[PDB]
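K.L.:
If you scroll down you'll find the structure; I have some questions about it.
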């Protein structure tokens, strides 16, 4: 734990990237989190929503 | 069947042409909710129930 | 735009609708602005034969 300050900065940046990548898996109230599924399943009036 | 004892039929291991369902004018109501009617020929499904 | 349709087909003269005359006869855009006017014409546009 001598070099904890640099490892702390690296871990914080990597964790922020991992959270940002993980946020794509959430649908945020939509039917699916995948854009291709929505574009292949729905007409543009509801796919727009 | 009656609505209290509605009949559930499993559909599996088949290729389905839904285009004959949209283009037929015999149905007064043809309303889809989680999928577009015209995209049904482009997708693959399982657990299909009538 | 003037035309004659059925009584039950007046719901299909709207943006974003799935229907028969909507797809193959008269289509409205999703961003349509304006008004649809419909009135019964059984007295004029019908014949006994």
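K.L.:
So for chain B, Kirkwood radius off the Cα pairs, Stokes-Einstein at 25 °C and 0.890 mPa s: how many µm² s⁻¹?
P.N.:
For these conditions, the coefficient is 191 µm²/s.
K.L.:
Distance between the C-alpha centers of chain B and the range A:6-35? Whole Å please.
P.N.:
First find each Cα centre; the distance between them is then 37 Å.
K.L.:
How much of the pair distance distribution for the protein assembly as shown lies past 20 Å, counting alpha-carbon pairs only, in percent?
P.N.:
Beyond 20 Å sits 70 percent of the P(r) for the protein assembly as shown.
K.L.:
Here's something else I'd like to know. To one decimal place, what Kirkwood hydrodynamic radius in Å is obtained for chain C from all pairs of distinct Cα atoms?
P.N.:
After inverting the mean inverse Cα-Cα distance, the result is 12.1 Å.
K.L.:
How much mean residue ellipticity at 222 nm does chain C get from its helices, if each DSSP H run of length 4 or more adds -39500 (n - 2.57) and you divide by all residues, to the nearest 500 deg cm²/dmol? Mind showing how you got there, number by number?
P.N.:
Numbers: 1 runs with 5 residues, N = 49.
Calculated at 222 nm, the ellipticity per residue is -2000 deg cm²/dmol.
K.L.:
In addition: Give me the Debye-computed log₁₀ of I(q)/I(0) at q = 0.31 Å⁻¹ for chain A, equal point scatterers on Cα only, no solvent, two decimals.
P.N.:
At q = 0.31 Å⁻¹ the computed log10 ratios are -1.07.
K.L.:
If you average the sequence gap of Cα pairs under 8 Å that are 6 or more apart and divide by the length of chain B, what percent do you get for the contact order?
P.N.:
59 percent
K.L.:
Angle check, please: helix A:4-22 long axis (alpha carbons) against the longest principal axis of chain A (alpha carbons), in degrees 0 to 90, nearest 10.
P.N.:
So the inclination is approximately 10 degrees.
Every number here is computed from the coordinates shown, using simple stated rules; none is lab data.
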